[PDB]
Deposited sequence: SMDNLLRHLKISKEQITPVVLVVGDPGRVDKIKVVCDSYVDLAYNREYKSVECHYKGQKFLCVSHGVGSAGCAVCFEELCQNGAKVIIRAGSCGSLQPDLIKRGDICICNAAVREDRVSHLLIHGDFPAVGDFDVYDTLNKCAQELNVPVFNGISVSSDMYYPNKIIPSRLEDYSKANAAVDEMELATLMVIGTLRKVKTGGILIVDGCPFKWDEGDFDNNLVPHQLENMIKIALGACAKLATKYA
């Protein structure tokens, strides 16, 4: 009855889960909370129960990339998670506007993965839950942290090569804001499994103070959403 990859039980899964790519970030996040309980660490999947503003929610690492994070998300979604927010990093696709250190709260994503397409036809949108999105924006607002909003390109290719052109410039022209590797996968799995999803991202390419802010927004949103299930 322990989940195959997360190595936690269904009973340990909270209604709200904060997901990040780097197991290292789970450790940086848990110390910002009021208290925590280390649950498991298997492969790239580190799981910790966070206690913040009177609420209880997991923080779990999902690894780099769509196929690996899908394993995490399916295990969460099929064992009781109701809300999953991804707090990640990204590149900017609008370098004149969205700069290193800026924070973007994303409502939808480009499905440049494979796993979403093995679950549902490509015409289906990768879209986040509105309430989750609204909650994230309202936490940023009350903490007086400027944020951008927009679509993320979730691509399985970190390192392009020179035979098949990358579609990033196309998507920049299409007004996509940022790029990362997991959000589209989260969104599609969430929709299929009736789990509410969202995404908040910090730009590092194309400030640890801004990371701190981003983390506070994400933790604030998780606690607010957790109250609806407690």
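What the model leaves out of the deposited chain are the segments 1-3, 210-222.
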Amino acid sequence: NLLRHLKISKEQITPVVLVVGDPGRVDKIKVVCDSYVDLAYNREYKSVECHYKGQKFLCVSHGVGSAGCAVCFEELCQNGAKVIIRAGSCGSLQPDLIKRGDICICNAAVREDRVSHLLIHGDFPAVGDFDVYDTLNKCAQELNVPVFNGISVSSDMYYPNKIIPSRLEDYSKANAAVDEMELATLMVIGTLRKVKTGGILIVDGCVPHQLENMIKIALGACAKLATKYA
From here on, numbers count along this sequence of modelled residues.
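For the segment pair 53-61 and 186-194, the entry gives 53-61 the higher mean B-factor, averaged over Cα atoms. Mean C-alpha B-factor is higher over 33-41 than over the other stretch, the pair under comparison being 166-174 and 33-41. Each of 84, 140, 151, 90 has a CA temperature factor in the record; the biggest one is found at 140. The PDB entry gives the largest Cα B-factor of the residues 221, 17, 20, 214 to 214. Split the chain's modelled residues into thirds by C-alpha temperature factor. Residue 107 is in the middle one. Among the modelled residues of the chain, residue 73 sits in the lowest third by CA temperature factor in this PDB entry. Sorting the modelled residues of the chain by their CA temperature factor places residue 203 in the highest third. In the deposited entry, the Cα temperature factor of residue 130 places it in the highest third of its chain's modelled residues. Per the deposited record, the Cα B-factor of residue 98 falls in the highest third when ranked against the other modelled residues of its chain.
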